[PDB]
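1. Turn this into a model:
(6 chains, ligands or ions: 1)
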Amino acid sequence: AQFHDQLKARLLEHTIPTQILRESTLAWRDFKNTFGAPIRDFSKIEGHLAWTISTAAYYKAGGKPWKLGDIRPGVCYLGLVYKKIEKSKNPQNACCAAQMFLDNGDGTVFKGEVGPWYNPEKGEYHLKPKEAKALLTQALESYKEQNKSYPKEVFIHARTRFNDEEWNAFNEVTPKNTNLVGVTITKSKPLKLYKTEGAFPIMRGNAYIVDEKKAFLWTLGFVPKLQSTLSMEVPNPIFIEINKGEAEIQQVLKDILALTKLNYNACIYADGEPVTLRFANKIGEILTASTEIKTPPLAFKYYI
Amino acid sequence: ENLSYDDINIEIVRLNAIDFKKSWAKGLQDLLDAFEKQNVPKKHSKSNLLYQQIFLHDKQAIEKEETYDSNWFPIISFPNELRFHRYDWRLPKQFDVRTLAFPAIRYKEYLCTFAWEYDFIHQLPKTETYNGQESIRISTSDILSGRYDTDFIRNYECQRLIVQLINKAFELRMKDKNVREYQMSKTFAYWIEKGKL
Amino acid sequence: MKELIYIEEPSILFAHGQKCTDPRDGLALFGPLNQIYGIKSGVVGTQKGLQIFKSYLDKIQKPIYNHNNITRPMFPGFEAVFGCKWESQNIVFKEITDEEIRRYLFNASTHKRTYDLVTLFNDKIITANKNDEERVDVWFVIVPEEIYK
Amino acid sequence: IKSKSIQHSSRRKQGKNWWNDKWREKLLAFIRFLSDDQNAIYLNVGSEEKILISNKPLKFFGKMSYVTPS
RNA sequence: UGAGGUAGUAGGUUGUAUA
DNA sequence: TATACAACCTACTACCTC
Ligand SMILES: [Mg+2]
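-> Residues are numbered from 1 along each chain as shown, chains lettered A, B, ... in the order given. For reference, the structure is listed below:
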């Protein structure tokens, strides 16, 4: 992993789109495995490889393959991901975000709020008041610059919970008529819904509501169109909780699914987790390997 | 979709029209169905796969009822009351509450040995205690919200204690059965042997 | 018996303002949303890497099929799907000689060798970026087999 | 087996052929094997008290499903 | 790193209660 | 400050491709 992240970090400093391809991927028949059998054989999926590579190359050259249409107009989706930076100074925890919103022409704006805001504790996957204020102000100013108006709602989601200090700072920053909603998306709680009769698993999109603030969503499983499964061995659901906010549990799940339908790095039906968090994790993985970039580019072409 | 049915020109409004307004794929599928119905002539798997793709462009789910099993095995009953015994000076400080027959914790400032029942004899046989000082709490209020919280133990801790007791009780029970143990990273696994069954 | 609610699958837009749920099918029928006119590529790697890249790029210009064409939709071809010209003939090449990789890869610390390889590749890329006239929209790094391990 | 790698490389090998049915029946049979009573399992939390776990897991149902492939 | 998923392993933090 | 738990967090290797 050292090669890829360092290369992307320096080219980030120089702002050049790039794509790394192994020789085994493009020519898999030549590189055998000492037994007359390819180490990685693409014989039955030779068109999926082409789909993925072509879509990635098209996106990295400045072209939109598709866009989201069914998303609430007037909201911002922010995903916060924490990565542990522990090399010299202290086991610091960097926070990297990603922003998505849609308005003024039905277009989709999918960028990443960057400028990692650190926290000098071993644990403590949270933000101090000043860094939270800076994060929210930067996101709000970006949205207002794009849309010439302030957001009607803000949809903050992360893999960790929010504390009262952070939420009070956020509410201090927020304008008079902007509401904030916090959501925590855990991934591996031990629930497994088997199907009583068939040998095929539960369908994707089934949701179980345990409370007016918590629910399970099956983002994997058996999809009718493809007549196959998006996973293996009894797919695992994800857990959604409305932490520190006031909203409905159905709109949240619909928004979560819509966010899952935005993976540009690969050509698939959908992925289990929302992409706003995966791309933030990629941004963090790229940034933590470099040495103190002042103002990184916010475009996704340079990172992925 | 902006053309009203009352404004279509004459000699077309009386015909059978195909709706391309909502989605073009559905209209094209309807067109192909009409063509195949009225024997419309047509002429290397680039068209068979294409036709299958057009047909399966929307394999919508059906309103069929299904029943799913889970792995959440419920608990049908609990012991009536949760007990809190003193056992001061009858329990050595350098003696863990584990390695004991029944699930017991030494939590809280005093009133240790959180077990549901008595009879820790032959392991600490002081066998001389005054039952008046023992504190007893109803498990009904502990599990189900209620006013079980006091300055002694608040409600949140009073449930994390019961979960601990259950997780311990399962471990001690699953040893008079006929299985052996495997040690995972943070838990224990219970598997049946080859000779049995 | 608890009841499970159902959430309808979202729809993603494509060209002509049309909608679908599977990006492959939607791109195949309708196509992309914007018009870039072509992709001018640039390759960094050994000559064998250039040959592999050119062979693959020529391969992907024509239809490619899978085993199950319903589970995984086929590939019509690059220009048919995207309407863009990405061809092997218009390729800018920057070569890494075998001597360079042999010298830098062998020995040294695990951090030092990685820093050396990254420095070599990125020096080539940056020097081509600022000291050349030909435009390169996206750069492709064809990593040899020994560099990975 | 006293190795932590050949067990991982065998778990990953063996789990690939098992699907919904082969996991569900095996889990239910294992749970039913331990049970003493026909409808519960006894955990002795004392000399006079016990905690009972039902032998039949929670069941869910939904109104939207799919037609199973052949 | 063309990708996605499943599982294992290793550590860490907070809130009690103790020595 | 260190050791016994429940509740939460991240970060690696190894193996699959339906
Ligand atoms: Mg990529």
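
2. Wasn't residue B:54 part of a helix?
-> Yes - under DSSP: H, G, I helix; E, B strand; the rest coil, residue B:54 sits within a helix.

3. Any figure for the gap between it and residue B:47?
-> Distance, residue B:54 to residue B:47, by Cβ to Cβ, to the nearest Å: 10 Å. C-betas here are computed from N, CA, C, even on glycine.

4. just residue B:100 next, same as before
-> Look at residue B:100 and residue B:47: by Cβ to Cβ, they are 76 Å apart.

5. follow-up on the earlier one: neighbour count: residue B:54 and residue B:47, which is higher?
-> Set residue B:54 next to residue B:47 and count neighbours by other Cβ atoms under 10 Å in any protein chain shown: residue B:54 wins out with 15 against 10.

6. can you pull the contacts of that one?
-> Applying Cβ atoms under 8 Å, 6 or more residues apart in numbering or on different chains to residue B:54 gives the contacts B:25, B:28, B:29, B:32.

7. Which of those ranks first by neighbour count?
-> residue B:25 (19 neighbours).

8. ok, for that residue, nearest residue in space, not its chain neighbours?
-> The shortest distance from residue B:25 to any residue other than its chain neighbours is 5.1 Å, reached at residue B:57 (Cβ to Cβ, 6 or more residues apart in numbering or on different chains).

9. Helix, strand, or coil at the one you found?
-> Secondary structure, three-state DSSP: residue B:57 is helix.

10. tally of neighbours for it?
-> Neighbours of residue B:57 under the rule other Cβ under 10 Å: 19.

11. Go ahead and confirm it touches residue C:20.
-> Yes - with contact defined as Cβ atoms under 8 Å, residue B:57 reaches residue C:20; the gap is 7.3 Å.

12. so what sits against both of those two?
-> When contacts are counted by Cβ under 8 Å, 6+ apart, residue B:57 and residue C:20 have B:25, C:29 as shared neighbours.

13. Quick check: phi and psi on residue 50?
-> Using chain A here. phi -60, psi -40 (degrees, to the nearest 10).

14. wait, I meant chain D there
-> Dihedral angles for residue D:50 - degrees, to the nearest 10 - are phi -160, psi 160.

15. correct me, but it touches residue D:42?
-> Yes - with contact defined as Cβ under 8 Å, residue D:50 counts as touching residue D:42 (5.2 Å).

16. Just want to know which of those two has more residues nearby.
-> For residue D:50 versus residue D:42, the count of surrounding residues by other Cβ under 10 Å is larger for residue D:50: 19 against 14.

17. ok, what's across the strand from that one?
-> Counting by DSSP bridges, residue D:50 forms beta bridges with residue D:44.

18. for it, what are its contacts?
-> Contact analysis of residue D:50 by Cβ under 8 Å, 6+ apart lists B:79, D:42, D:43, D:44.

19. Just put the residues you listed in TSV and tack on distance to residue B:114.
-> Output for the contacts of residue D:50, formatted as TSV (distance: Cβ to Cβ, whole Å):
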residue	distance to residue B:114
B:79	12
D:42	20
D:43	16
D:44	16
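
20. residues in chain D within reach of chain C, list them.
-> For chain D, the residues in contact with chain C (Cβ under 8 Å from any Cβ of the partner chain) are D:58, D:59, D:60, D:61, D:62, D:63, D:64.

21. repeat for the stretch 51-200 of chain A
-> Near chain C, when you scan the stretch 51-200 of chain A using Cβ under 8 Å from any Cβ, you find A:51, A:53-55, A:57-58, A:60-70, A:106.

22. Out of those residues, which end up buried?
-> Among these, the ones that count as buried by 16 or more other Cβ atoms under 10 Å in any protein chain shown are A:51, A:53-55, A:57-58, A:60-61, A:63-70.

23. among those residues, which two are most distant?
-> With Cβ to Cβ as the measure, no two of those lie farther apart than A:53 and A:70, at 28.6 Å.

24. so where do the strands sit in chain C?
-> Counting by DSSP state E, the segments of chain C that form strands are C:2-6, C:12-13, C:19-20, C:41-45, C:91-95, C:138-143.

25. so which of those strands comes closest to the ion?
-> Minimum separation from the ion across these (Cβ to the ion) falls at strand C:138-143, 11.7 Å.

26. need the contact list for residue A:233.
-> Contacts of residue A:233 by Cβ under 8 Å, 6+ apart are D:15, D:18, D:19, D:23.

27. Redo the contacts of residue B:54 as a markdown table? Include secondary structure.
-> Conversion of the contacts of residue B:54 to a markdown table gives the following (three-state DSSP):
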| residue | secondary structure |
| --- | --- |
| B:25 | helix |
| B:28 | helix |
| B:29 | helix |
| B:32 | helix |
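
28. And the residues you listed, which is closest to residue A:170?
-> Here the nearest of the contacts of residue B:54 to residue A:170, counting by Cβ to Cβ, is residue B:25; it sits at 43.7 Å.

29. What distance do you get for the closest one to RNA strand E?
-> Computed as Cβ to the nearest atom of the strand, to the nearest Å, the residue B:25 to RNA strand E distance reads 25 Å.

30. show me what contacts residue A:72?
-> Shown in contact with residue A:72 (Cβ under 8 Å, 6+ apart): A:153, A:251, A:255.

31. Confirm that the second one sits in a helix.
-> In this case it means residue A:251. Yes - applying three-state DSSP, one finds residue A:251 inside a helix.

32. Give me the nearest residue to it, chain neighbours excluded.
-> Nearest to residue A:251 is residue A:72, by Cβ to Cβ, 6+ apart, at 7.4 Å.

33. Reduced to three states, what does the one you found come out as?
-> coil.

34. measure it to residue D:68 for me?
-> If you go by Cβ to Cβ, the gap between residue A:72 and residue D:68 works out to 35 Å.

35. circling back: can you redo the contacts of residue B:54 as TSV with distance to residue A:180?
-> Listed next are the contacts of residue B:54 as TSV, based on distance: Cβ to Cβ, whole Å:
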residue	distance to residue A:180
B:25	40
B:28	45
B:29	45
B:32	50
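
36. what about the residue of chain D found nearest chain A, how many neighbours?
-> Residue nearest to chain A within chain D (Cβ to the nearest Cβ): residue D:24, separated by 4.1 Å. A count of nearby residues for residue D:24, using other Cβ under 10 Å, gives 20.

37. from the chain's centre, how far out does stretch B:55-70 sit?
-> Computed by Cα atoms, centre = their mean, to the nearest Å, the chain-centroid distance of stretch B:55-70 equals 23 Å.

38. How far does that stretch stretch from one end to the other?
-> End-to-end distance of stretch B:55-70 (Cα to Cα, to the nearest Å): 35 Å.

39. So which residues of chain D form helices?
-> D:8-14, D:20-34 (DSSP state H).

40. Check the ones you listed for me and report the most buried one.
-> Compared across those, helix D:20-34 shows the largest average neighbour count, a mean of 15 (mean count of other Cβ atoms under 10 Å in any protein chain shown).

41. Which secondary structure elements does that one sit against?
-> strand A:194-195 (3 or more Cβ pairs under 8 Å, 6 or more residues apart in numbering or on different chains; DSSP states H and E).
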